[PDB]
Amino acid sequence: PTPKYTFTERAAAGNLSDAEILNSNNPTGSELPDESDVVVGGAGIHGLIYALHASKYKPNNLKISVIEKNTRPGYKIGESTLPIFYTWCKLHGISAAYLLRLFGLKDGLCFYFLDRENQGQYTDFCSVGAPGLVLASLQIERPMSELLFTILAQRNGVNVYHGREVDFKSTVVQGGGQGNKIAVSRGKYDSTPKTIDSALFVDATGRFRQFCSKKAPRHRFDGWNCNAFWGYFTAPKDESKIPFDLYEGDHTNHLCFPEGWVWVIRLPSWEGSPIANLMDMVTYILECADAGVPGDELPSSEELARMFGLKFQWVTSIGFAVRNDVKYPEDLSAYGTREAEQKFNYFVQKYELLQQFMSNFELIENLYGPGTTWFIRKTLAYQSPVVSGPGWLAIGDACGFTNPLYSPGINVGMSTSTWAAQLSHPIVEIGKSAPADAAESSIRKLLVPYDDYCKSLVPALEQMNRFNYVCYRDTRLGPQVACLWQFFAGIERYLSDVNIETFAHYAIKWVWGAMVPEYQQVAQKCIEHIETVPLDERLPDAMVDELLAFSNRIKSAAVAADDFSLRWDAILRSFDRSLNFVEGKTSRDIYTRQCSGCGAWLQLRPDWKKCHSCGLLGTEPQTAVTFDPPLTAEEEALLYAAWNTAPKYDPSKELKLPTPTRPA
C-alpha cells in the first residue's frame, strides 16, 4: 500500500478542528444521526471495545453511535494489557507486527519485593510472555489505542463523535422499543443540543458513572482503599545500572513493599503529533494489516513518524499504588509543591532500592499538556450496585474498578464490554419484535446473568487485590504465595481456541483466576492473618511460615488436579514444572532482545530481522528463541502451529475454560 495523506490534507484544506477532522471519517457523516439502535456514552477503551465487538460479532445488524466529550482521544492512565487483549485485537484483524508499531512490547510480569526493615534486601518473581510466533502483550498509550479503535470502528460501520457530550440532565432512557432520546451537546454552554432516538444506551463513561450513578449510590468495600500518584519519565537504552538483578524493561515491572507497589511500564509516546497526521498513520497501518504486509517490509515506528510528520519518543510510566491507611508526615514541602509530587518523592526516599532505581530516570515535564507532570487519584476501588435497566446497561469502569495491579481494568473489564456487545443484538431485536411489556420482561430476564456476573466480579477482584497487597508485606509470601497463586489460577488455558463467537463466554470465565476455589481459600487465610498486624509492623516470621506451609499444601493437590500441560519451569523463573519453589533457579525461556541502536524491546522470530521501532537490521541475522528446557524441532513447530490458525467455531463443541481443572 502506498501511504495516503487524506486526513492531513483535508484538515488543512478546510482548516478543521481536531473534532471535525475525526468526525469526518464517520460512515454516516460528521453530524449526528437522528436515530440509532445503540448510543454509547463515552469513547474510552471500553466504549470502543463494545462497539467494535458488537459490529464484528454480527455485522450490519445494529446502528451504533459513540459519543465522546474529548475533542480528540484523551490521556488515560491504564497502559498494560494481557494476552486476552492481544488475542481480541488479533481476532479483530490486527496482529503483533502492526500493533508493535504503535505500542510497546510487553513480555510478562516481574515483581521485586523490598524488605522494609532490612533496607537493600529484596527478592523477586519473574515470568516471561510468549514466543513471537505465538503472541505478544502490549504497553499502550491510551490516546493512541483509542485513536486506533476509533478509526477501526469507523471502518466497520460505527460512528464515533468526538467533541460531543451526552447531557444526562435532559437525556431520557426508557424501555419500549425505541424508547431513548439521548440529548447530545457540545457542552454546558451549548444552546442547541441534538437528540438521538434510540433503543439501547450503553454507559461507558468510566469511573464517572454518569448514568448508572442515577440508579444507585457508589458502593465502597470494607477496609482500607488505595491511592495512586504517578508521572512520566525517560526510558534509558542502558538498563544495566538498575539495582535489581536480571531486570528487563519490557516486562510490566512491580516494585512491591508493605505499603503498596510501584508500576514501571516502558512504552512509546506519540504526544505532540497533530491528530490528522495520526489518523493518516493509523489508517495506513490498518491498510497494511488488511494486505498482510510482512513485518520486515512494514515501516518502523520512527519511519512512520517521518512519513506522516509525527512526534515519537520512549517514556517510562512510573506510579505508586499504596494503601490509604499510610501515615504521612504533616509537612511534605521538602519534596515538592503539589501533593502528587510530594508523596511520590517522599515514598521514593523511604526505600533505598526505590531511590537507587529512580536515579536511572529523568522526570518528563507535562508530557500530556500543562499540569500533567504529576497525577494523583484517591480512593480507587468502588462498585456500581445497578449496571442495567430498561433501555440501558453499563460496561467497563462504569461497573466498578479495583486497582492497577495485574491490570484487571482493561483485560478483565473487557469481559463486560464484549458480553454486553453480544447481548445487544437480541436486546434490540426483542424491542423491535414484541409488545412493550413483554419486551421489557424478556430483556430483563436476559440480563439477570449479566447483572449477577458484575455483582460478584468486583468483590472477587477486590479480594484478589487485598490478597496480593497483604502478601507484599513479606519477601517470601509475595513471590511464593500471592504471585504463584495468581499465575497458577489465572493463566489463560486454551486461549488459542477462542474466536469472535466464543470470546465473551471465555472472558467471563477467566476473572484472572480470582474465582478459583483453592485461590480464594489461600487468599482468605492470608488476609485473615495479615490484616491483624498493624501496617507499621513487620509480619512475625512464624506467621509467614504458617501461611507458606498452608499455601503449599493446598497448592500441591490443585496442581496435581490440573490436566493442562504447560512448561511451568520455562515460564516461571523461580519454579520447577510442578510449581515448587526452587531457591537457586534462574533458567527460563528467552523470547525477547533489546535493540542495540534505539533500546526498543523486540520479539525473537526468524522472519523479523529488523527492529520494528527504529528499523535497524538485526545485530546478527540469527538470534532465535531459547527454550529451557529445550524443545525439539517438531515440538517447536507444533507450538507455533496451534497459535497461527484461529478456529472457526463449531456450535456443538463446549468451551474449554481458562481456569484449572476441578479435582472432582
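Residue indices: 1-based, along the sequence shown.
A.B. asks: Can you let me know which of the two, 488-496 or 327-335, has the higher average C-alpha B-factor in the entry?
C.D. replies: Between 488-496 and 327-335, it is 327-335.
A.B. asks: Check the entry's C-alpha temperature factors for 102-110 and 577-585, then say which stretch has the higher mean.
C.D. replies: Going by the record's values, the stretch with the higher mean is 577-585.
A.B. asks: Identify, among 356, 415, 127, 159, the residue whose C-alpha carries the highest B-factor in the deposited PDB entry.
C.D. replies: Across 356, 415, 127, 159, the entry lists the biggest C-alpha B-factor for 127.
A.B. asks: Highest recorded C-alpha temperature factor, please, choosing from 296, 397, 451, 259.
C.D. replies: Highest C-alpha B-factor among the listed residues goes to 296.
A.B. asks: Splitting the chain's C-alpha B-factors into thirds, which one does residue 570 fall into?
C.D. replies: It belongs to the highest third of the chain when residues are ordered by C-alpha B-factor.
A.B. asks: Lowest, middle or highest third of the chain for the C-alpha temperature factor of residue 17?
C.D. replies: As the PDB entry reports it, the C-alpha B-factor of residue 17 lands in the middle third of its chain.
A.B. asks: Just say lowest, middle or highest third for the CA B-factor of residue 25 relative to the other modelled residues in its chain.
C.D. replies: Answer is middle: the recorded C-alpha B-factor places it there.
A.B. asks: Report the third (lowest, middle or highest) to which the CA temperature factor of residue 203 belongs, ranking only the modelled residues of the same chain.
C.D. replies: CA B-factor rank for residue 203: lowest third.
A.B. asks: Comparing against every modelled residue in the chain, figure out the third that the C-alpha B-factor of residue 50 lands in (lowest, middle or highest).
C.D. replies: Tercile = lowest for this residue's CA B-factor.
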